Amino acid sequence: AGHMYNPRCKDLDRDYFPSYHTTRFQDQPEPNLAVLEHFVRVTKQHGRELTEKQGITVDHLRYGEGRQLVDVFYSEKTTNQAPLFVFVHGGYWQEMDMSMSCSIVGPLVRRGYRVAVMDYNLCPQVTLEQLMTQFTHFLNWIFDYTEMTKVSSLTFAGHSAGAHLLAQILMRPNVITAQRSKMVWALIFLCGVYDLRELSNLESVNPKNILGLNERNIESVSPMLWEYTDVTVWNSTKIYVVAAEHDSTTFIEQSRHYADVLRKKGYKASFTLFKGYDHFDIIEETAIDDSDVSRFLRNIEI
């Protein structure tokens, strides 16, 4: 009978771990471990190269306590009112940090963007609901920053758990006013997860319920299940829901389903399945200006 986003699923825990679904590293005895080892190593190298090789400047900022940090990258070519690209990393709300999250910066900076790569507190130090509240704080802080600095427009991208976190931007109208909404050129949801009801009961993904989920809050933390309202304030904003071809069926379907919920509600949203990519190299190749994913990002700017 399978599961909620994969009617032929043979192993639910495996369907929630994208590492098992790559076509890379098949010369290794455990390709899932090799993809993650490579991802950490190469993203860290991308982060170092921005200032060691590519002549990019970074401002190291703090927006809150703990891991509430944000690095803002630019160059000597960046204009005072340059648009801001905000990237929200993944890691299942429990791992990854800014050091693994800066692959995307270089080509954007070369095109005249300022890029904010943010970090956040992780579960279990915060519950998922507390992380979501801290992320509303981050959104308020980033819009104050862009208002102070007269930025021409904002684009937000989230990857994996970061795409989940980003989804609240559509439903926090006490912070995101209609004028703030109008400032958003695009929202990019890369390989997200939006319905947390299955994973909440997996010890693999949510060991010991570190995310702090229960039947009282499981809808609040699941963007798939929200009753979206005031959709017209977003009508100028382009929304891109993206999945990787070599992701699990549950991940691909969660993205197809979420794009369909946003389109039905009336958002300017599309679904894209990225051919030949897995859940990890869809971020690794954002460090290469002419890659397929880098060019997709460039084309959103046109």
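One rule holds for the numbers: they count along the sequence shown, beginning at 1.
Item to complete: Read off the CA B-factors in the entry, average them over 291 to 299 and over 1 to 9, and name the higher stretch.
Response: Per the PDB record, 1 to 9.
Discussion item. I need to verify one thing: averaged over C-alpha atoms only, is the B-factor higher for 118 to 126 or for 175 to 183?
Written reply: According to the PDB entry, the answer is 175 to 183.
Worksheet item: Checking the entry, which one of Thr43, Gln68, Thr51, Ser248 has the top C-alpha B factor?
Response: Of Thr43, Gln68, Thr51, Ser248, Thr51 has the highest C-alpha B-factor.
Practice prompt. Go through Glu198, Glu215, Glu95, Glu203 one by one and give the residue whose Cα B-factor in the PDB entry is largest.
Written response: Largest recorded C-alpha B-factor: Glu215.
Item to complete: Check where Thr23 lands among this chain's C-alpha B-factors and tell me if it's the lowest, middle or highest third.
Response: Highest third - that is where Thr23 ends up once the chain's C-alpha B-factors are sorted.
Worksheet item: By its CA B factor, does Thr133 count among the lowest, middle or highest third of the modelled residues in the chain?
Response: Tercile = middle for this residue's CA B-factor.
Worksheet entry | Modelled-residue ranking by C-alpha temperature factor, third containing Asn140 | CA B-factor rank for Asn140: middle third.
Practice prompt. Please rank the C-alpha B-factors of the chain's modelled residues and tell me whether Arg110 sits in the lowest, middle or highest third.
Written response: Within its chain, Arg110 is a middle-third residue by C-alpha B-factor, going by the deposited values.
Worksheet item: Thinking about Cα B factors across the chain, which third does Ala163 belong to?
Response: Ranked within chain, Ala163 CA B lands in the lowest tercile.
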